[PDB]
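A short write-up of the structure that comes next.
There are 2 protein chains.
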Amino acid sequence: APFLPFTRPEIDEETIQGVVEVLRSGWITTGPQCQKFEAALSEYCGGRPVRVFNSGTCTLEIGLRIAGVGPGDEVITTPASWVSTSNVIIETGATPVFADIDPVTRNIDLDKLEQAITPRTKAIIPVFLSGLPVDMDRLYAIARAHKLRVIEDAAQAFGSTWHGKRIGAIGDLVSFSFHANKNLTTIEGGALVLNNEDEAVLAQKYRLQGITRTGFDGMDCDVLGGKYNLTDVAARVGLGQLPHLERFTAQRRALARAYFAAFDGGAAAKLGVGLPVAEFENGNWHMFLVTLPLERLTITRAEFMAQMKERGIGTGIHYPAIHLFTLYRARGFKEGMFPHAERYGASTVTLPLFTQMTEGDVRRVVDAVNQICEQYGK
Amino acid sequence: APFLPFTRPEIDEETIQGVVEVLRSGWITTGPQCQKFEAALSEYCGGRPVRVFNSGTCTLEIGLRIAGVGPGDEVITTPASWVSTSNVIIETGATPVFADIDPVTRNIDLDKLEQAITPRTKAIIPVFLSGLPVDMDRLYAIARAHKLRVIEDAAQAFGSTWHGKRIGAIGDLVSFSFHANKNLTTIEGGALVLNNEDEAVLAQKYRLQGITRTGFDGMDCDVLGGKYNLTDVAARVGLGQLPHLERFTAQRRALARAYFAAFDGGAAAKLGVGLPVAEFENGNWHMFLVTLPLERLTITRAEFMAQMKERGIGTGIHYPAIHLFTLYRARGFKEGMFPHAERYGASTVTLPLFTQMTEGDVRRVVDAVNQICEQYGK
């Protein structure tokens, strides 16, 4: 059997031809394709202004800057996320504050978020882990009551909805990633959804060195911007992906259903492998995240992953707890501070989930997980 | 006649086919193409370690961080450059210090540079404007005598040499850009050349969030890194460009020679249009930069550029003086501080120069410049 990675993009020949056209045109960096992609994303978001960038990390940072976040301010987020989520807070000069996760959803616990608010809090970065939104009504009730800005880390949630409305069409500032591994890709890239045109102009300034050009020779810099513009090659890939979004999301929901059906009654389930929430309305099923019952295994997580690889199956880790990293320990974080995120971060494994998978592939994965639990379970 | 832009890339069919193969492979972000591109660049640089990035701006900032530059430190650079050159200094917390240009070369005046050294100076960022190196012997004599690090802003100078040695193979930390408009492109991208493998490891950490992965599930962050990795799509373009480097540089040299021959004795020269240095050994002729004699024209630079456009010729501005921008005026900079860079910044115009140009195109451009000077000269 061929090796089964945990993700793989699905890029059609029409999109590849589009990229060829862009390269042959000689107009290869930011240009008409980016304009078209911004317009398409804006219409997807119900007409809200959208600006595209070379990642879904800079979008977070720029969101914070638009919200006025800087030295002396606190921003609350989750430790169960990619480290950029809190590193961007540090980049602004602000102080990252963590709140623990709900062990069932693996997302930030909204009661713990509320409990972390102080007079210094200025913004919140919720993460939609696996593409699963939090309770968006509750999130914004908290933000409204405490007069906080929200920069949604929807990196994984392009195509997700909350009670029938799109992530991106609701809320405050919304950040998406189009990394290769995401449900829709531009190779690397991202987008920020704004509330109004003034915020979009500021976003544009931060995107490229704070520079505004006017006429043939007018130039000024009024903002300390960075280097964050997206190429037209990348934008063309995004434009080619968009018409497939609905189908991709449906495919991923079908695969997730197949996982639950396959796991039911097996050795892994019996041993205590922890499955994600079985819901098929809101999340876009970007990943299939399970937890190993470490106390009931005679092998480490690393060994478990090695055993999956021996069976030809790739796995990942999304994610170890941020606050236990060396840089964060130096800021004053320790074990015991976020027990749910710490248990999750030590035990989580990412199983294959991508649009070209078959039900057979799902059964192969579950077979391997069962076999390892049967052999090595206490 | 068709419109003549001031630049256009030259991307061949083998390269485009290569990008097609990368996309079909599903390995689209950082992977084996980036590894092969780093190896090729290392070879070009005489075996020095090289790391590639998503721009030639982050490479400058990372070079400063490797050099230990931060709050309280001064870094000397030129105001006649793209604003990222000094914005990266501010990003680190350090203080930018400007030194004026030599009006003949348009590069930083090394005596003015030396005059700007204080006990707070930690590093220098010379710019090789148009791809023209400074006197590299004098530059490093200064750096050694004052125990300063050098982060070369060689954005425009890939393929430039000094006394027959390659820019990149000499010097301290060397930063290149592979933007669409540069003599070799990766669509967008850059490279940093290091002195040793410890520097290269630090560069890698800064490249992607400070994260090191070990084994199946080991992960740590010990540095505040950013989001700066290059895609395999981009690296494949760079690999396809590299075999053309010598030919591209020769073509640009021949076009520059043709400009000098075409301008010689005409109305523009008589009025006072100022040409770049006529040397064909060191610089890679990335741009052909002229200065308008504004005191001898009845029209503005902007009107001069509009008149060129009426004649089907695109032009650019590289660059207005940085210290007169709003952000820099707020730091206390003002007119009269850098007279050569101010005069240059107000009067410079970029004429077409790219590998697919003909001798006829050069003559068309010069005809237009002569005609405008004849009409609007006083």
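From first to last, the protein sequence lines are chains A and B.
Under the authors' numbering, the first sequence has 168 at position 163, and the numbering climbs by one with no breaks.
Under the authors' numbering, the second sequence has 22 at position 17, and the numbering climbs by one with no breaks.
Beta carbons are placed, not taken as given, at the ideal position from N, Cα and C, and that holds for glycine.
| task | Closer than 8 Å by C-beta to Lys41/A: which residues in its own chain qualify, once you throw out the five before and the five after it? Chain order, please. | result | As a position in the first sequence, residue 41/A is number 36, starting the count at 1. If the five residues before and after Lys41/A are omitted, its C-beta is found closer than 8 Å to the C-beta atoms of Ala240 and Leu244, all from its own chain and listed in chain order.
| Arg111/B versus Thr100/A: straight-line alpha-carbon distance, rounded | Here residue 111/B corresponds to residue number 106 of the second sequence, with the count starting at 1. Here residue 100/A corresponds to residue number 95 of the first sequence, with the count starting at 1. Rounded to the nearest angstrom, the two C-alpha atoms are 43 Å apart.
| field | Member of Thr123/A, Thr191/A, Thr190/A and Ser165/A whose CA lies at the smallest distance from the CA of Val179/A | value | If you number the first sequence from 1, residue 179/A lands on position 174. Of the candidates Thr123/A, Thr191/A, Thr190/A and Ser165/A, the one whose C-alpha sits nearest the C-alpha of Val179/A is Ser165/A.
| Whole-angstrom C-beta distance between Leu69/B and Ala128/B, which should lie under 8 Å | Indexing the second sequence from 1 puts residue 128/B at position 123. Indexing the second sequence from 1 puts residue 69/B at position 64. Rounded to the nearest angstrom, the Cβ distance from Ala128/B to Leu69/B is 6 Å, consistent with a contact under 8 Å.
| So, is the C-beta of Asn59/A closer than 9 Å to a C-beta in chain B? | Against the first sequence, residue 59/A aligns to sequence position 54. Output row for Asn59/A: interface = yes.
| query | So residue 390/A is in the beta strand (DSSP E); what residue range does that whole segment cover? | reply | The first residue shown for chain A is 6 and the last is 383, placing residue 390/A beyond what the model contains.
| query | At which residues does the alpha helix (DSSP H) containing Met224/B begin and terminate? | reply | The residue labelled residue 224/B in the question sits at position 219 within the second sequence. The continuous stretches of alpha helix (DSSP H) do not include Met224/B, which lies in the beta strand (DSSP E) extending over residues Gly223 to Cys226.
| query | Is DSSP giving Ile33/B helix, strand or coil here? | reply | Numbered from 1 along the second sequence, position 28 holds the residue referred to as residue 33/B. Correct three-state label for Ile33/B: coil.
| task | Quick one: which residues of the segment 229-243 of chain B get their C-beta closer than 7 Å to a C-beta of chain A? List them in chain order. | result | So the list reads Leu229, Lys232, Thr236 and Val238, given in the order they occur along the chain.
| task | Could you name the residues of chain A that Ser352/B contacts, counting a contact when the two beta carbons are closer than 8 Å? | result | As a position in the second sequence, residue 352/B is number 347, starting the count at 1. Simply none; closest approach about 10 Å.
| query | Quick one: is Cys226/B near chain A, going by C-beta distance under 9 Å? | reply | Locating residue 226/B in the second sequence gives position 221, where the first residue counts as 1. Chain A contact via Cβ: present.
| request: Taking only beta carbons into account, state which residues of the segment 194-226 of chain B come closer than 8 Å to chain A, listed in chain order. | output: Of all residues in the segment 194-226 of chain B, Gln214, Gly215, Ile216, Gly220, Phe221, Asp222, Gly223, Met224, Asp225 and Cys226 have a Cβ within less than 8 Å of some Cβ in chain A.
| query | Counting pairs of beta carbons, one from the segment 186-196 of chain B and one from the segment 212-226 of chain B, are three or more of them closer than 8 Å? | reply | No: the two stretches stay apart, fewer than three of their Cβ pairs being nearer than 8 Å.
| message | At a CB distance below 8 Å, what residues from the segment 27-42 of chain A approach chain B? Give them in sequence order. | response | So the close ones are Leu28, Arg29, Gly31, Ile33 and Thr34.
| Nearest-angstrom Cβ-Cβ length linking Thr126/A and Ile67/A, presumed shorter than 8 Å | As a first step, residue 126/A must be located in the first sequence, where it is residue number 121. As a first step, residue 67/A must be located in the first sequence, where it is residue number 62. Here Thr126/A is actually not in contact with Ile67/A; their C-beta atoms are around 19 Å apart, not less than 8 Å.
| chain B partners of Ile16/A, CB-CB under 9 Å? | Residue numbering aside, residue 16/A sits at position 11 when the first sequence is read from its first letter. Per Cβ cutoff of 9 Å: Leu28, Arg29, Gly31 and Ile33.
| C-alpha gap between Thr296/A and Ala185/B, whole angstroms | The count along the first sequence starts at 1 and reaches residue 296/A at position 291. The count along the second sequence starts at 1 and reaches residue 185/B at position 180. For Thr296/A and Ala185/B, the distance between alpha carbons rounds to 45 Å.
| task | Flag this pair as yes or no: are the beta carbons of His345/B and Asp105/B separated by less than 9 Å? | result | As a working note, residue 345/B is residue 340 in the second sequence. As a working note, residue 105/B is residue 100 in the second sequence. Cβ distance < 9 Å, so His345/B and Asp105/B count as in contact.
| field | Three-pair Cβ contact test at 8 Å for the segment 325-335 of chain A versus the segment 79-93 of chain A | value | With a cut-off of 8 Å, the segment 79-93 of chain A and the segment 325-335 of chain A count as touching, because enough Cβ pairs lie within range.
| query | Apart from the five residues just before and just after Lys210/A, which ones in its own chain have a Cβ nearer than 8 Å to its Cβ? | reply | Within the first sequence, numbered from 1, the residue matching residue 210/A stands at position 205. If we look at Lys210/A and ignore the five residues flanking it on each side, its Cβ neighbours are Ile216, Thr217, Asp227, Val228 and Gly230.
| query | Does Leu332/A come within less than 9 Å of chain B when only Cβ atoms are used? | reply | Stepping through the first sequence from its first residue, residue 332/A is reached at position 327. It does; some Cβ of chain B falls within 9 Å.
| Can you name the residues of chain B whose CB is closer than 7 Å to the CB of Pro7/A? | Taking the first sequence and counting its residues from 1, one reaches residue 7/A at position 2. Per Cβ cutoff of 7 Å: no residues; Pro7/A is ~12 Å from chain B at best.
| With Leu235/B and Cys39/B assumed to form a contact (beta carbons below 8 Å), what rounded beta-carbon distance in angstroms separates them? | As a working mapping, residue 235/B is identified with position 230 in the second sequence. As a working mapping, residue 39/B is identified with position 34 in the second sequence. Confirmed, about 5 Å.
| request: Could you round the C-beta distance between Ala351/A and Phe221/B to whole angstroms and report it? I think they count as a contact, below 8 Å. | output: Taking the first sequence and counting its residues from 1, one reaches residue 351/A at position 346. Taking the second sequence and counting its residues from 1, one reaches residue 221/B at position 216. Not quite, the Cβ-Cβ distance comes to about 13 Å (not below 8 Å), so this is no contact.
| field | Under 8 Å by beta carbon: chain A residues contacting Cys50/B | value | The count along the second sequence starts at 1 and reaches residue 50/B at position 45. Chain A residues near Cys50/B: none, gap ~23 Å exceeds 8 Å.
| query | From the DSSP output, which residues share a beta bridge with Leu250/B? | reply | On the second sequence, residue 250/B is found 245 positions in, with the first residue counted as 1. Bridge pairing for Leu250/B: absent [DSSP].
| said: Under 7 Å, CB to CB, which of the residues in the segment 309-342 of chain B have a partner in chain A? | reply: For the segment 309-342 of chain B, the set of residues with a beta-carbon nearer than 7 Å to any beta-carbon of chain A comprises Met310, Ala311, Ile322, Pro325, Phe330, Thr331 and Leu332, in chain order.
| query | Can you check whether the CB of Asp140/A is closer than 9 Å to the CB of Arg154/A? | reply | As a first step, residue 154/A is located in the first sequence; it is residue number 149 there, counting from the start. As a first step, residue 140/A is located in the first sequence; it is residue number 135 there, counting from the start. No; because the gap between Cβ atoms is not below 9 Å, this pair is not in contact.
| said: Alpha carbons only, please: which of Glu340/B, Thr331/B, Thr353/B and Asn188/B is nearest the one belonging to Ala307/B? | reply: Counted from its first residue, the second sequence places residue 307/B at position 302. Nearest of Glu340/B, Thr331/B, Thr353/B and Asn188/B to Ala307/B, Cα basis: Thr353/B.
| said: Pull the bridge partners of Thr219/A from the DSSP assignment, please. | reply: Numbered from 1 along the first sequence, position 214 holds the residue referred to as residue 219/A. In DSSP, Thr219/A forms a bridge with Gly223/A.
| message | According to DSSP, is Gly319/B part of a helix, a strand, or is it coil? | response | Within the second sequence, numbered from 1, the residue matching residue 319/B stands at position 314. DSSP, reduced to helix, strand and coil, places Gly319/B outside both helices and strands of the structure shown, so it counts as coil.
| Partner residues on chain A for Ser89/B, Cβ-Cβ distance less than 8 Å | Working through the second sequence from its first residue, we reach residue 89/B at position 84. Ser89/B reaches chain A at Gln214 and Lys232, counting residues in chain order whose Cβ is nearer than 8 Å.
| said: Given a cut-off of 9 Å on the beta-carbon distance, is the pair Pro281/B and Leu302/B in contact? | reply: Translated into the one-based positions of the second sequence, residue 281/B becomes position 276. Translated into the one-based positions of the second sequence, residue 302/B becomes position 297. Annotated as distal: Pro281/B and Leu302/B, with beta-carbon spacing of 9 Å or more.
| query | Taking just the CA atoms, how far does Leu356/A sit from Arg336/B? | reply | Indexing the second sequence from 1 puts residue 336/B at position 331. Indexing the first sequence from 1 puts residue 356/A at position 351. Computed Cα separation, rounded: 52 Å.
| Measuring CA to CA, which of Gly169/B, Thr190/B and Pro76/B is closest to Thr34/A? | For the purposes of this step, residue 34/A is taken as residue 29 along the first sequence, with counting starting at 1. Checking every option, the nearest Cα to that of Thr34/A belongs to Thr190/B.
| message | Mapping the DSSP letters down to three states, classify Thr83/B as helix, strand or coil. | response | Taking the second sequence and counting its residues from 1, one reaches residue 83/B at position 78. Of the three classes helix, strand and coil, the one that applies to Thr83/B here is coil, per DSSP.
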